[PDB]
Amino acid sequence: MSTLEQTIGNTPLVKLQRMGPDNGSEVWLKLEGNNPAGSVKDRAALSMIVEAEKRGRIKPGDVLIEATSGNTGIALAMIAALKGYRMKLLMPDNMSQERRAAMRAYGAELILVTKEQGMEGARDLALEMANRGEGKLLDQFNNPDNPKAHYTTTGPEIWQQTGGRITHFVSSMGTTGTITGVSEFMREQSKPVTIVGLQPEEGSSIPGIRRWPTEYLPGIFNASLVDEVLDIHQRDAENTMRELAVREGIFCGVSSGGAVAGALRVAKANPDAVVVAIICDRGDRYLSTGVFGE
């Protein structure tokens, strides 16, 4: 039997037991939590490191550098352990300690920056380090190796678990590799599939995703892939997520109970509606932050 890395992907697709409207419009869950490192990110991290062991770029024994909100942090830490890389991650210091700790536990080098510096500052600091000789920068935000994972794996999966049937795909936007990569695959399907994407409102802190300031716009984005972009409230992200285990037994991050929000908006909108919503990790690395009770 099988290797941890071949335990990444082929994730379950589960329809909403009870929640939301019912007007013929069905909603199915992409369960990325199940990934060995517990998030959607593992697909991209694998892709990224093995695609670049392939173009001869990186090689075991090497140090790798990434700036993270955590998940990709925890992701590349894992795979590295599996293949004998050393990792440093760059993260801001307002993210949770469960995020801190899982990255450390996998034996990666963790560097925290100010929250006032936040994600864009950790990117800036990432670039410098590498261009000073402190390691190789894989750059999930501009690496087309990240959306390739979804476009290769995620996308073809969603289609065959809905057969040839999905009408909508709702995705929470961070890196944007998921939406973009899943969008590539679907464009080619000789039927129409509407890819919807979600961003925090004005002042809406939700971990996993961002509306990226202008000069930090992910190179991998591609507006022609994204039909609509929806705006998601931080409280309606925590409200639906909590609604989701209580009412569905699906135990998820806020990013996920958010994407179900939009997904429900779509269904609540379109009847006849097969709407696959991305759930990114689980509820556990959010537990100690008071979001799931206190």
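Note that residue numbering begins at 1 and tracks the sequence as displayed.
The stretch 191-199 shows the higher mean C-alpha B-factor when 191-199 is compared against 218-226 in the entry. Mean C-alpha B-factor is higher over 22-30 than over the other stretch, the pair under comparison being 43-51 and 22-30. Of the residues listed, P12, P271, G9, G283, the entry assigns the biggest Cα temperature factor to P271. Across the residues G249, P36, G258, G61, the deposited record lists the maximum Cα B factor for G258.
Residue-level temperature factors show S183 in the lowest third of its chain, judged at the C-alpha atom.
Among all modelled residues in this chain, the alpha-carbon of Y151 has a temperature factor (C-alpha) in the highest third.
Among the modelled residues of the chain, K136 sits in the middle third by CA temperature factor in this PDB entry. Ranked against the other modelled residues of its chain, the C-alpha B-factor of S204 as given in the entry falls in the highest third. Per the deposited record, the Cα B-factor of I232 falls in the highest third when ranked against the other modelled residues of its chain.
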